[PDB]
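Q: One structure is given below, represented as structure tokens, and several questions about it will come after.
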Amino acid sequence: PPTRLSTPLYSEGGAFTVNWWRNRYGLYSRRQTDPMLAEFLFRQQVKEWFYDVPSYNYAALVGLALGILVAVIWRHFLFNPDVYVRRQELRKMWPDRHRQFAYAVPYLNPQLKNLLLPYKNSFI
Amino acid sequence: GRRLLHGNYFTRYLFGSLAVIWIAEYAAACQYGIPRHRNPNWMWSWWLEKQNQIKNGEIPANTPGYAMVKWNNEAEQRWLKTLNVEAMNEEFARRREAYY
Amino acid sequence: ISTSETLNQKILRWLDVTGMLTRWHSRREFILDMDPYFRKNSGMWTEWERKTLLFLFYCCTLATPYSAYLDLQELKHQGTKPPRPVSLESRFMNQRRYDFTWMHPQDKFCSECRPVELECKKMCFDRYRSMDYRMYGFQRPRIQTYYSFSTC
Amino acid sequence: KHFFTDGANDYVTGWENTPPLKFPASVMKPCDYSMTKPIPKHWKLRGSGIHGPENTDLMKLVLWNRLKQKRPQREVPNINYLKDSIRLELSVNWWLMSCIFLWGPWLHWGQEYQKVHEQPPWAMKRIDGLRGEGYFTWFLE
Amino acid sequence: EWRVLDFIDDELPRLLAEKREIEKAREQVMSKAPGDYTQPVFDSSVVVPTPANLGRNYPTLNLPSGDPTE
Amino acid sequence: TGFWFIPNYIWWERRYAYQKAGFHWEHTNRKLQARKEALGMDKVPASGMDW
Amino acid sequence: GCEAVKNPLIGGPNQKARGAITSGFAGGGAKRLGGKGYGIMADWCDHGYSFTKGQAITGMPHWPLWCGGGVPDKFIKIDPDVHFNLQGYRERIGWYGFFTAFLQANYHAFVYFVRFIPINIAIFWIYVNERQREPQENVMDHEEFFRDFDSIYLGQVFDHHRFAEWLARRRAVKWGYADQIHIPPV
Amino acid sequence: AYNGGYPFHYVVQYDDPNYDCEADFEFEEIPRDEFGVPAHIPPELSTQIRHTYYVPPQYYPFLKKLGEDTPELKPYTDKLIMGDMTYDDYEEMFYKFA
Amino acid sequence: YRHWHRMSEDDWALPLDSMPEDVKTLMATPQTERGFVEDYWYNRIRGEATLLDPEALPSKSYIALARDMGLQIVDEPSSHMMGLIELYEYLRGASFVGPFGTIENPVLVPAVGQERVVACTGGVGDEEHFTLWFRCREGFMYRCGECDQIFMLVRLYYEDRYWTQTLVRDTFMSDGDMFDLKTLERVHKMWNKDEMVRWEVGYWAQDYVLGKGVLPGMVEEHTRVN
Amino acid sequence: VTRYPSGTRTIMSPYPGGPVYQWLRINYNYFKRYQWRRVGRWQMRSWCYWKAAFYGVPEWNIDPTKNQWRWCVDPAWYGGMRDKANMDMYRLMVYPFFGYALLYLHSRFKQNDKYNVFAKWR
Amino acid sequence: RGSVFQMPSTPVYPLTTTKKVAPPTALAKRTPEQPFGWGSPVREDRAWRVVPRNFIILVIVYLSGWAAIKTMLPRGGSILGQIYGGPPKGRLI
Ligand SMILES: CCCCCCCC/C=C/CCCCCCCC(=O)OC[C@H](COP(=O)(O)OCCN)OC(=O)CCCCCCC/C=C/CCCCCCCC
Ligand SMILES: CCCCCCCC/C=C/CCCCCCCC(=O)OC[C@H](COP(=O)(O)OCCN)OC(=O)CCCCCCC/C=C/CCCCCCCC
Ligand SMILES: [Zn+2]
């Protein structure tokens, strides 16, 4: 982390980089009123939050939690036999909902259920 | 003049999200082997057979479904007392003659 | 029929009866149709800004008649809405734990009728009138009143 | 732009972090003294040295940010700026045109077809014997 | 000036005379040696605004003169 | 506090007694039956109207 | 109590001696009626634009913000020394003055209600005009509907004038006024 | 580059000496800008037209004295004497000596 | 400054209706006895009287010219005060960043009172520490207990008053020769003749010296309706 | 070049128009400028919601030191006696409110038969 | 008078030939009795009398009409009911 404003900061190209962050950090800021002061405050924030080793552990945890969350939502909509977004089957009585009954057995036998059920002998 | 979001953010994330939803759904159907042919009808086989008989002329037109079952509820017994399919057909025939 | 003008000019003149086209093609005419207080700020406008404003304003005002037509047809449709079958009272239909009184906590008018159930209220008002209590509404035939949207 | 941002769309006060590009660097320049050469040891600190109006560039920035508020004429922006200023307005207007001249016509055609054939022209005719128009969005069935 | 431009038909002879006098004055002051701050010699009666000629009371010309029915 | 409690108390007590006697239309109905008994007429004109 | 309440005036001499300022009007200095002046020039009466006369009474407000500035002393009418110092003001204004001041303190709320009520009256007119009319026949017999589904369900789209007349005759039969009305022919 | 190019404060001129934009409701008077440009000439066109400040010639000797005492100021004073100083030139002079 | 809102119309010029009507006494009042409005119109009347007399400008010294326009010739005393004033104002809505303070050059902490709360963040980089807040009272050379950064309080105080632009102008500016009303009249006739007024301020000012309502059209100018 | 009154002559055609056309154009121009716009001017000037917020507030003095009431007095009382009167009037309603609120408690207490706690078992 | 920014394009002051007497406020000066407002003509304060008068009248009409309707018309569910809510003429209840 450089301590002199003359020494530039390296930035990659893309949508999450040092240059991308600089453009947007001071959009709502009343304190970055001139180039010298703006750069000083920008580097102060970058030094404090992005050069902090332990902060990266939380980045991993949010990604993992969010990835699981998005996927469980998507899986319900796409595969759960009881979640309806289309209406064709909901305009018919229960005995006639064949297309929705097709999701039932495949959804009843997920891989992890087959892999972990044999390990009940470690609890009983 | 400084930009915060994608230059075309509204259309990008709207149409883009719709596209991902549609494509993901097709993939999900393929993996579970779900039948993708839309049927707009009920699947009660005996009923669909009675409807074919009406289309074939075996059962007179405008004959109610409760005039064909082997068990009637109370409200359908009330209706059967005032049901006259023959009169209904004659009335429709009269209307057609007047129209033409 | 005037022959001192072309056919195109005649059509444009008549579409300019209110001066809309003249104000579009003349900056001076547009600024002198502003009230003096706002004309003071006119000199700063660009021609891009001026004509774009007129375009947005003209598109809006020219679509108001269309929305008005669509709304009139809606009123006529609702004014002669077809009767629908009386609902059979199914397993989970018309469940009531207490009477309908939230509109009239103290008076408790039409406790058995629902808030916007007009036919139930009419018969209920008739009972109150037969009991010497005046209630308003549900007495004039629709075709004998103005703004009913039910006349042939 | 509609929303106010202190850094970019600062229309409440009109503050700008840097001077106009039209001005020569000898007249006015952005406040940036990061490249100042090392101070000789025999030089002595007279001022505070604190970042503030003692620096010429910062002083001129404050001065200009107040004296720019009165100008003889408008600084005409280019058409790109003008388009961006009313992007939503123009887009909504075109959306209204689409709703009248695109959505309107085919919606009318569907209802007229429905009148004669009981179901819209983009639906599968039923044989179950049920009555009524049925669904309208066929791809959500 | 724009206000004068509206009356250029009548002011043209004075404007041409004014142009000459201003040019004479500019030349005289520029050519003078440093430290010489004497006033230039010119006819100020044709230059506006000056003490010698403070201008004319121009009438507003924002008056319609045509009959819309013609 | 008590001074302004009295007028509210009096108003509510009369209102509460009235509400227990019946609905507004049940009250007007009792006066209608009495007027029908006084005149011996099965059907009388509604209040504010002539025969 | 005080002379000001006894003889209400706007911007007179001897305001301090009179004891109170009874007018909320601030500003002035216009050279003509409805002309450019100083101050905001707001009051319950005699301000703004007169609708009946089609004339301006006071000019547009001159705000004490960036768009404007201060008012010259020649035209100041609410002196803060007299406007404030409310010591024993109730005795100077009396009970009727207290009622007047309370009513005059709610000009902002009054201005709003004058702009808000009209649209709500219009909405209420929609309700009243509809409530007078007899209810339309929302529902009919379930069975009879399905025995004549096409006529009832589609009659409106095919011929709306005859469908309207048919509906009217059914309303006249449902409410027992058929012999008292003459339904216009279609 | 602020407020869309609209100056927060600007001068407006009126040909009629007794005109009031708040009292009158006439529809013929056309306001002018600080340079005198009528409002019906759009900004995009008027801003291209070159406007220069003309001081009375009696001021030329004073403007000459200023240039000589401060040689860095001479080029700006010369422009003013020769009627070549625009508003932008004046602004450059103003901020150069602050 | 960034913390200030938008210039008012008054920030540029004042309406001529705010000109004091007793111009004769206004031009004779000492500067220390003139209020804000009186001082504005004293400078404008006198400054424009000299600027609208072209034939005399070249022979007028910068010292005299600055006096007529009401501009204060700068000197080290006044520059110091004005500078510390503007530094105080800037710090109202701006960050406080500068060189590390030492005994030779302490961190300068401007204040009006006798105390101002200050925080030390240490040096640059790894020498930066957590904010250590302390109350900086006058008359003590403060030393941070952590980084040994020296601080000092500077008070904007002068003769039972704090430092303001008005105070600096009153203390250091000296009134020159009394303004002569003959100059006002002479310049007035120069630019105002035959219904043309090219010095509006001098037409109003001369009218007041004449007693208000004397010059043509001035009674009509002073007649208002509300 | 001849200049016609604003809004009276069309520029779309060399022909000014026929009698009916001219009547429509002239009279719409008059109706808009001198009849319809009476309502707008009346609403804009005489019924401004923002002018009404500054009603009764002292003038802003040009002398900066004569406006100290801005910070010496709270904004809720910038109106002098008018603003003090509004507060005082609402103050007079305190005890009437207490009696009204106390009545509601009595109403609920009675309707729930809580007064017959002892009479119930006597 | 208005903003310092609005101004006449040509700076002219009329040489009024009319002989009308000067309004008193036109020649006035600040005085100890009138620290402020000496340039504005004194006017009547109608609001002080008209606002409390008009408010009282409207309240009296509002309350009096309400009392009258609810005491001089037959009992009914609403005001519109008490006016237009009776049975048809000739319908005996
Ligand atoms: C703008 C142009 C016009 C666009 C018009 C669009 C009109 C219709 C819009 C409807 C709402 C949007 C979804 C459209 C889905 C279309 C395809 C479809 O029918 O999908 C059906 C399918 C399931 O259907 P069934 O067969 O009935 O169920 C079987 C058993 N489960 O449902 C879906 O996939 C759609 C519903 C879910 C939509 C969102 C995607 C799911 C995951 C959401 C994650 C949320 C957490 C955060 C995510 C962040 C980003 C990773
Ligand atoms: C040599 C090349 C020649 C090419 C010629 C191309 C000709 C193309 C002609 C296209 C005609 C399209 C006509 C569409 C008519 C629609 C009418 C209609 O539906 O009106 C009612 C409907 C609303 O009905 P509701 O009752 O409210 O019901 C729906 C909502 N509940 O109204 C609307 O949709 C309003 C909009 C009407 C749009 C009409 C479009 C006409 C387009 C003409 C194009 C001509 C192009 C010519 C090209 C020539 C090239 C040489
Ligand atoms: Zn430290």
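Please note that chains go A, B, ... in the order of the structure tokens, that every chain numbers its residues from 1, and that ligands are numbered from 1 in the order shown.
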Give the residues close to ligand 3, within 7 Å, counting only C-alpha atoms and all ligand atoms; write them as number ranges by chain.

A: I: 120-122, 129, 132, 144-149

Q: Neighbouring residues of ligand 1 are defined here as those with any atom at most 7 Å from a ligand atom, counting only C-alpha atoms and all ligand atoms; list them as JSON, numbers by chain.

A: {"A": [69, 70, 73, 74, 76, 77, 78, 79, 80, 81, 82, 83, 84, 85, 86, 87, 100, 103], "B": [14, 15, 18, 21, 22, 25], "D": [139, 140]}

Q: Would you write out those residues with C-alpha atoms, as a short mmCIF file (atom, residue, chain, number, x, y, z; two decimals), in the first residue's frame?

A:
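Below is the file result.cif, written as the result:
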data_model
loop_
_atom_site.label_atom_id
_atom_site.label_comp_id
_atom_site.auth_asym_id
_atom_site.auth_seq_id
_atom_site.Cartn_x
_atom_site.Cartn_y
_atom_site.Cartn_z
CA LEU A 69 -29.31 -19.57 -0.87
CA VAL A 70 -29.76 -18.72 -4.56
CA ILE A 73 -34.50 -21.03 -4.17
CA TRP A 74 -33.94 -21.96 -7.80
CA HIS A 76 -37.58 -25.34 -5.44
CA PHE A 77 -39.00 -23.41 -8.38
CA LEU A 78 -37.45 -25.67 -11.02
CA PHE A 79 -37.94 -29.12 -9.47
CA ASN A 80 -40.18 -29.16 -6.40
CA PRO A 81 -43.43 -30.93 -7.37
CA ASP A 82 -45.46 -28.70 -5.04
CA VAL A 83 -44.29 -25.31 -6.37
CA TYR A 84 -46.42 -24.08 -9.27
CA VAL A 85 -45.56 -21.12 -11.49
CA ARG A 86 -47.29 -22.34 -14.64
CA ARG A 87 -51.06 -22.69 -14.41
CA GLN A 100 -46.59 -32.18 -12.21
CA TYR A 103 -41.42 -34.31 -10.78
CA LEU B 14 -34.71 -7.46 -16.96
CA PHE B 15 -34.47 -9.28 -20.28
CA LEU B 18 -35.95 -13.60 -18.05
CA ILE B 21 -35.00 -18.23 -16.07
CA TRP B 22 -36.35 -19.65 -19.34
CA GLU B 25 -36.20 -24.23 -16.82
CA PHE D 139 -46.59 -19.76 -22.49
CA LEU D 140 -47.35 -19.61 -18.75
#

Q: Enumerate as number ranges by chain the residues within 7 Å of ligand 2, counting only C-alpha atoms and all ligand atoms.

A: C: 70; D: 100-109

Q: Hey, can you spit out that residue selection with N, CA, C and O atoms as a JSON list (two decimals), in the first residue's frame?

A:
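As written to disk, out.json reads:
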[["chain", "number", "residue", "atom", "x", "y", "z"],
["C", 70, "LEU", "N", -61.01, 4.67, -24.54],
["C", 70, "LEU", "CA", -60.88, 3.38, -23.87],
["C", 70, "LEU", "C", -61.63, 3.37, -22.55],
["C", 70, "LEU", "O", -62.19, 2.34, -22.15],
["D", 100, "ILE", "N", -50.19, 1.58, -27.63],
["D", 100, "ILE", "CA", -51.34, 2.00, -28.41],
["D", 100, "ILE", "C", -51.35, 1.35, -29.79],
["D", 100, "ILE", "O", -52.39, 0.90, -30.26],
["D", 101, "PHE", "N", -50.19, 1.29, -30.45],
["D", 101, "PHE", "CA", -50.12, 0.86, -31.84],
["D", 101, "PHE", "C", -49.61, -0.57, -32.02],
["D", 101, "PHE", "O", -49.70, -1.09, -33.13],
["D", 102, "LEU", "N", -49.07, -1.20, -30.97],
["D", 102, "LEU", "CA", -48.66, -2.60, -31.05],
["D", 102, "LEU", "C", -49.51, -3.50, -30.17],
["D", 102, "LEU", "O", -50.14, -4.44, -30.66],
["D", 103, "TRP", "N", -49.56, -3.22, -28.86],
["D", 103, "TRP", "CA", -50.36, -4.03, -27.96],
["D", 103, "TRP", "C", -51.84, -3.90, -28.28],
["D", 103, "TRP", "O", -52.58, -4.89, -28.27],
["D", 104, "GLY", "N", -52.29, -2.69, -28.58],
["D", 104, "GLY", "CA", -53.69, -2.43, -28.83],
["D", 104, "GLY", "C", -54.27, -3.26, -29.95],
["D", 104, "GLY", "O", -55.29, -3.93, -29.78],
["D", 105, "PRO", "N", -53.63, -3.23, -31.12],
["D", 105, "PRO", "CA", -54.20, -3.96, -32.27],
["D", 105, "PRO", "C", -54.33, -5.46, -32.06],
["D", 105, "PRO", "O", -55.38, -6.02, -32.37],
["D", 106, "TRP", "N", -53.29, -6.13, -31.56],
["D", 106, "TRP", "CA", -53.39, -7.59, -31.46],
["D", 106, "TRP", "C", -54.28, -8.01, -30.31],
["D", 106, "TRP", "O", -54.92, -9.07, -30.38],
["D", 107, "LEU", "N", -54.35, -7.21, -29.25],
["D", 107, "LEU", "CA", -55.30, -7.50, -28.17],
["D", 107, "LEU", "C", -56.73, -7.43, -28.68],
["D", 107, "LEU", "O", -57.58, -8.24, -28.29],
["D", 108, "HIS", "N", -57.03, -6.45, -29.53],
["D", 108, "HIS", "CA", -58.36, -6.35, -30.12],
["D", 108, "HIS", "C", -58.66, -7.55, -31.01],
["D", 108, "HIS", "O", -59.76, -8.11, -30.96],
["D", 109, "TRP", "N", -57.69, -7.95, -31.83],
["D", 109, "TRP", "CA", -57.88, -9.10, -32.70],
["D", 109, "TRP", "C", -58.17, -10.35, -31.89],
["D", 109, "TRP", "O", -59.03, -11.16, -32.26]]

Q: Compile the contact shell of residue 150 (chain C) as a ChimeraX atom specification: residues with an atom at most 8 Å away, counting only C-alpha atoms, same-chain residues fewer than 6 positions apart removed.

A: /C:76,79-80,142-143 /G:164

Q: Would you give me, as a tab-separated table, each residue of chain G having an atom within 6 Å of an atom of chain H, along with its shortest atom pair and that distance in Å to one decimal, using only C-alpha atoms and sorting by chain and residue number?

A:
residue	atom	partner	partner_atom	distance
G:34	CA	H:23	CA	4.5
G:35	CA	H:23	CA	4.5
G:56	CA	H:23	CA	5.8
G:59	CA	H:22	CA	5.5

Q: With N, CA, C and O atoms retained, could you export that selection as a compact mmCIF listing (two decimals), in the first residue's frame?

A:
# COMPACT_ATOMS: atom_id res chain seq x y z
N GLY G 34 -49.65 44.39 -8.46
CA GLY G 34 -49.21 43.15 -9.06
C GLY G 34 -47.78 43.15 -9.55
O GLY G 34 -47.37 42.19 -10.22
N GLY G 35 -47.00 44.18 -9.24
CA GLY G 35 -45.67 44.34 -9.79
C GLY G 35 -44.60 43.69 -8.93
O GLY G 35 -44.84 43.17 -7.85
N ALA G 56 -53.50 41.14 -11.32
CA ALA G 56 -52.56 40.80 -10.27
C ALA G 56 -52.63 41.84 -9.16
O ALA G 56 -52.62 43.05 -9.42
N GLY G 59 -47.03 40.97 -6.64
CA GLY G 59 -46.12 40.28 -7.51
C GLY G 59 -45.78 38.90 -6.98
O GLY G 59 -46.21 38.47 -5.91

Q: Extract, using only C-alpha atoms, all DNA, RNA and protein residues at most 7 Å from region 21-28 of chain I, discarding same-chain residues fewer than 5 positions from it, and format them as a list in words.

A: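 Non-adjacent residues within range: residues 38, 42, 178, 179, 205, 208 and 209 of chain I.
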
Q: Do a neighbour search on residue 73 (chain G) at 7 Å with only C-alpha atoms, toss out local chain neighbours closer than 4 positions, and write the hits as a list in words.

A: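 Contacts, with the query itself left out: residues 18 of chain I; 36 and 37 of chain K.
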
Q: With only C-alpha atoms as the counted atoms, please give the residues lying no more than 9 Å from residue 2 (chain F), apart from itself and same-chain residues fewer than 6 positions off, as a ChimeraX atom specification.

A: /J:95,98-99
